[PDB]
Amino acid sequence: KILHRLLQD
Amino acid sequence: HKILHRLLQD
Amino acid sequence: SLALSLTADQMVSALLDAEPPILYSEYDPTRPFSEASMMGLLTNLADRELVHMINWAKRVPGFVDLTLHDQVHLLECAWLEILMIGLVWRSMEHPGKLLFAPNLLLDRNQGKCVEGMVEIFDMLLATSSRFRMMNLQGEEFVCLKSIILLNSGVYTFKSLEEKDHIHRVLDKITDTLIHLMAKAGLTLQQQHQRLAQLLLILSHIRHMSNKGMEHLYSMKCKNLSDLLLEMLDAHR
Amino acid sequence: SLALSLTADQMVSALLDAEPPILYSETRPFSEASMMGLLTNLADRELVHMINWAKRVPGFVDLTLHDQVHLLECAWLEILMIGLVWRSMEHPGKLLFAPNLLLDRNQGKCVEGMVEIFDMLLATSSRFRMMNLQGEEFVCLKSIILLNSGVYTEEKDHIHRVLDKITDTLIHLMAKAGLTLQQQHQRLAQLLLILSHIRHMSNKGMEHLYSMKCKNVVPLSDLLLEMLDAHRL
Ligand SMILES: O=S1(=O)C=C(c2ccc(O)cc2F)C(c2ccc(O)cc2F)=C1
Ligand SMILES: O=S1(=O)C=C(c2ccc(O)cc2F)C(c2ccc(O)cc2F)=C1
């Protein structure tokens, strides 16, 4: 779920 | 001469 | 030239009087349907609607002033968009249902009869709920439908002075939409906001047409009328 | 919420300041695999900046995590394309993917099916040129694509109010340029109708990338595969 991780940062 | 090509004329 | 010399009210009455009729389906409810039958109903219906749409396009102000090659091109790119915005418009007073014909009213569970059809059904339903929320007016609808006809194929084209004429007609339809919103009592800010909301819906109608175009192209290569295959091979 | 209590000039500067940087591509004549690789690598790195640009779009951070994911999954290729079209404005007949990667439509023939998408992108750039699209209008259009493209697939009432806010910002920009009332809503309509073609280009581009994922000609990145798999379920 790469997109989720990139939105957290 | 396609179908649409003819219906646009008639 | 006469299309440019049209007042906004004469633009509306011309579009309103040019409206195609609501056709009926061959739908016999003695049958619960197979996939081929429900597809046959939608295919036969869309084929007869295309004939009326072709004659409707000839009454759109400015469309007749175009060469025959350009008329064919605009209709080939926009035919499904025009069928869909009409279906969505007919379905405004039937929440959660798509009124393909007065005798063919379908909800999303019946759309699951065809594989992959349910996804396009929900998009069509969401568009109809959007028109319901905005309280879309028939005067606004006929303007939007003619915008689709003139816009969807204008950037898929020396001499190119015809594209300048299309943009002049498109600007006139824009003036007509503002003229309608100004008559309904909307403020200048409200007119510009509603104008933007209506035109952003055309982006989603383009999206549904692209998805529906792939869905039909799959049905052709998986076992349609000759006019419809001729339109379907325009996307290829 | 704070995006609503904000002025038109503050909307423009916020969008301008959030603009992503222009990235570079990594000389040898092009082939099917080499050109697809450069475009895949460039798009994968642009996506990382787009995600941080989206969080700086006013009103986007007010959305839930799932709604942010949905909007970006639906609009990512549209956003890449309108940025590419914007970069290529001052280069008629060419597409500026990167400052060191300026391509014409003859070079688009190095990949099958790439020509049709190239011609559409070049047509949109010439349309922006003919309309003399300003950067203030461009950042408004790009943020509209982000919020609108996935809005039909209340948290939606917020997105629609933010969308109305950008419409007010576009009109405010045109009134500052000296355009009349008729010229304002006409230009507003002309700009928004282009978004329908940008959506069409994205759908055609989405089909093309799915073919290359199946043809297995160039390995796509995991993020790029996740964005691509979102357009089927
Ligand atoms: O997306 S759909 O479920 C909706 C339609 C459709 C049919 C008739 C119509 O007036 C409007 C439509 F959208 C169609 C459609 C279905 C079959 C066909 O041959 C042509 C079509 F357009 C599929
Ligand atoms: O339709 S395309 O010719 C244009 C692009 C594209 C790539 C990067 C970019 O910043 C904008 C684009 F449009 C792409 C594209 C091509 C390959 C890829 O892996 C991702 C992409 F987006 C294909």
Averaged across D:221-228, how many Cβ atoms of other chains sit within 10 Å of each residue's Cβ atom?
2
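Within a Cβ distance under 12 Å of D:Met35, other residues only, what is the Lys/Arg minus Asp/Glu net charge?
Numbers: positive: D:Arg28, D:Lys109; negative: D:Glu32, D:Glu112.
Here the charged neighbours net out to 0.
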Proximal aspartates and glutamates to D:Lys165, defined as alpha-carbon separation beneath 16 angstrom and excluding residues fewer than eight positions away on the same chain
D:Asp9, D:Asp62, D:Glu136, D:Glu137, D:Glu155, D:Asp157
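If you wrap a convex hull around the alpha carbons of the protein assembly as shown, what volume per residue comes out, as a whole number of Å³?
Details: hull volume 76.8 nm³, N = 488.
Looking at the protein assembly as shown, the number lands at 157 Å³ per residue.
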Total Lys pairs in the range C:85-180 closer than 24 Å by alpha-carbon, pairs eight or more apart in sequence or interchain only?
5
Starting from a Cα-only point model with no solvent, please compute log10 I(q)/I(0) by Debye for the range D:109-233 at q = 0.09, 0.21 1/Å.
-0.35, -1.25
Determine the sum of side-chain charges near C:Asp171: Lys and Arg each +1, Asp and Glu each -1, restricted to other residues whose C-beta is under 12 angstrom from that of C:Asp171.
+1
5 angstrom amide H check on C:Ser91, placed H, neighbours 5+ away
C:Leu99
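Can you pull the Rg over Rh of the range C:90-179, Cα-only, Kirkwood? Walk me through the intermediate numbers first.
On the way: Rg = 17.1 Å, Rh = 15.5 Å.
Taking Rh as the inverse mean 1/r over Cα pairs, Rg/Rh reads 1.11.
What number, rounded to the nearest 500 deg cm²/dmol, is the helix-based mean residue ellipticity at 222 nm of chain D, given -39500 (n - 2.57) per DSSP H run of at least four residues and division by all its residues? Could you put the intermediate results ahead of the total?
Working: 9 runs with 158 residues, N = 233.
That calculation yields -23000 deg cm²/dmol at 222 nm.
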Rg and Dmax in Å for chain D, alpha carbons only: what are they?
17.8, 53
Once phi is turned into ³J(HN,Hα) by the Karplus curve 6.51 cos²θ - 1.76 cosθ + 1.60 with θ = phi - 60°, what whole-Hz value does each residue of the range D:221-233 show in order, with x for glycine and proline?
6, 4, 4, 5, 6, 5, 4, 6, 5, 5, 8, 6, 6
Where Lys and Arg each count +1 and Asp and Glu each count -1, what net charge lies around C:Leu6 among other residues with Cβ under 15 Å from its Cβ?
-3
Please compute the modelled spin-label separation between D:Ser25 and D:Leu233, points set 7 Å along Cα→Cβ, answer in nm with one decimal.
3.3
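We did not get these values from a lab; they are worked out from the coordinates using the rules stated. All Cβ positions, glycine included, derive from the backbone under ideal geometry; neighbour counts span all protein chains shown.
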